[PDB]
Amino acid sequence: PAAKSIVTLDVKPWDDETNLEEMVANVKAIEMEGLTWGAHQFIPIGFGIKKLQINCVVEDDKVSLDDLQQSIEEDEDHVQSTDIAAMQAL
């Protein structure tokens, strides 16, 4: 079977006014062979700002995390940056 890894990504908005529901909808709309979106939640990071923490399960041989991050960041209207908060073997 294909080797897989669980990845938890932090997706940050531009301010305390960024529409977070649109932000996560746009992330989850991204399609990649070997990529499966998982659970997500919004976490307060201070001063009213909230970051999106979303898990995904990827097939090691098919999904480039660099490419995935770059794709998410194309949504400049909502996303300021992304970071890998955690990675775990499945």
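So that there is no doubt, residue numbering starts at 1 and follows the sequence shown.
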inquiry  = Going by the mean C-alpha B-factor recorded in the entry, which is higher: 13-21 or 74-82?
reply    = 13-21
message = Mean CA temperature factor from the deposited coordinates, higher in 43-51 or in 61-69?
response = 43-51
key: Cα B factor band for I6 (lowest, middle or highest third within the chain)   = lowest
remark   = Quick tally, chain-level thirds of C-alpha B-factors: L35 sits in the middle
request  = Quick one: classify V27 as lowest, middle or highest third of the chain based on its Cα B-factor.
outcome  = lowest
